[PDB]
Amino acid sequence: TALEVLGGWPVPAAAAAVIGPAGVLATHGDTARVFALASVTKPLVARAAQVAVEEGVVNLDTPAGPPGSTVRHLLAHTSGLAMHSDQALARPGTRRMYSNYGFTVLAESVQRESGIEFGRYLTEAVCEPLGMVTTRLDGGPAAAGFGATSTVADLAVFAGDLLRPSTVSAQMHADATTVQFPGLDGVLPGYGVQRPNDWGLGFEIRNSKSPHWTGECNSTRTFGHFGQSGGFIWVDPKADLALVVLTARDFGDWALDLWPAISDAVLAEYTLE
């Protein structure tokens, strides 16, 4: 019932799914429809980088980006790298600043060290193993931070992997969902300065940020990502629930109250006693 609120949303089109450890608990809209993911691309690339670490292709401490920066800094947005270009604006690990280019350097490292084109690496390491046959990233590492395309059905499967890790070990997933470089403050695009602005290994961590895109009832351990294309994904380890929402309207003030509302509606209705 909670997902029905989508029919009243001021968007050209939308689709959503509630996922639990046993599978999809509810859906709405066309789950087969392809949507631009924008930054919802990051969790996919992050998982691919996590698989690469486990394959031994790279290590979390492997140098990548500005001097003193590593794969871990790139994943957690602490490389000191600028938002859009190879401009070093801070010393690695001192500041937390969301960066698209940070993910391109990340994709470039995995690509170089593995010998596989990143888009293809993503497919073979994440999408193919989970059956995500309508998910793709074209554009190479330059678009590693926002160029992925997918469907609610494919993301639903992905959310399953985030709830019960299979593509990576339970230890890597625990690590990826733990705050990396804690204590760092910063702005969460669209939600202003956050103290602190916690981030995991490629996955944003809610903590107690406010205002935020998740619900007021999501636990502080909730992690995921939203995108400027008007889509998002969060996984709440405490509620053991996941929510995927994709719309055809770019992020804006219209979503500021709706996103949190559907999140709390979903938690209240599907959270097991």
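The first residue of the sequence shown is number 1, and the count goes up from there.
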TODO: Look up the CA B-factors in the entry and say which stretch, 184-192 or 68-76, has the higher mean.
DONE: 184-192
TODO: Quick one: say whether 6-14 or 260-268 has the higher mean Cα B-factor in the deposited entry.
DONE: 6-14
TODO: Tell me, please, which of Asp175, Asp154, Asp86, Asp161 has the highest C-alpha B factor according to the deposited entry?
DONE: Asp86
Open item on the list: Just to confirm, going by the entry's C-alpha B-factors, which of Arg206, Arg33, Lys42, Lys238 comes out highest?
Closed with: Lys238
Open item on the list: Please say which third, lowest, middle or highest, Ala125 falls into when its CA temperature factor is compared across its chain.
Closed with: middle
Open item on the list: Using only modelled residues of the chain, where does the Cα B factor of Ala255 rank: lowest third, middle third or highest third?
Closed with: middle
Open item on the list: Ranking the modelled residues of this chain by C-alpha B-factor as given in the entry, is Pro211 in the lowest, middle or highest third?
Closed with: middle
- [ ] Looking at the entry's B-factor column for C-alpha atoms only, identify whether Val168 ranks in the lowest, middle or highest third of its chain.
- [x] lowest
TODO: Going by the recorded CA B-factors, say which third of the chain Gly231 sits in, lowest, middle or highest.
DONE: lowest
